[PDB]
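Using the entry's author numbering, you'd call the opening residue of the sequence shown number 47 and step up by one each time. Reviewing the structure listed below.
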Amino acid sequence: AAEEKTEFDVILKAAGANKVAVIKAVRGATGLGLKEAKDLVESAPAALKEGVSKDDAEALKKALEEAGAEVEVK
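Printed below as a string of structure tokens:
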């Protein structure tokens with residue numbers, strides 16, 4: 047094959063025992079209304095980002111892990 051993976055997706059599986067930090071990371075990564083964000087997280091799993099730079103992917107993920115949440119890389 048000859049395909050360059052320069053498009054990664056960041057999905058949120060489990061907010062973990064730090065929904066407060068998650069919701070923050072979310073709004074920070076997106077900026078959706080408090081509600082929308084709430085529902086999103088509460089509607090896990092759910093995509094947070096699609097076709098974003100790897101650097102950004104690992105950045106957000108790292109943030110999730112720092113708080114203690116479960117992320118998914120696609």
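C-beta: ideal position from N, C-alpha, C; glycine also.
Exercise. Which residue from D55, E88 and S89 puts its Cα closest to that of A75?
Worked result: Ranking the options by Cα distance to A75, first place goes to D55.
For this session: Flag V87 as yes when its Cβ comes closer than 7 Å to any non-hydrogen atom of the ligand ZN, and as no otherwise.
Result: Among the components of this structure there are no ligands whatsoever, and the ligand ZN is therefore not found.
Exercise. Since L94 contacts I57 with CB under 8 Å, what's their CB separation in whole angstroms?
Worked result: 7 Å
Problem set entry | Same chain, Cβ closer than 7 Å to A63, five either side skipped, listed in chain order | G114
For this session: Could you check if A71 is buried or exposed, using at least 16 other CB atoms within 10 Å of its CB as the buried criterion?
Result: buried
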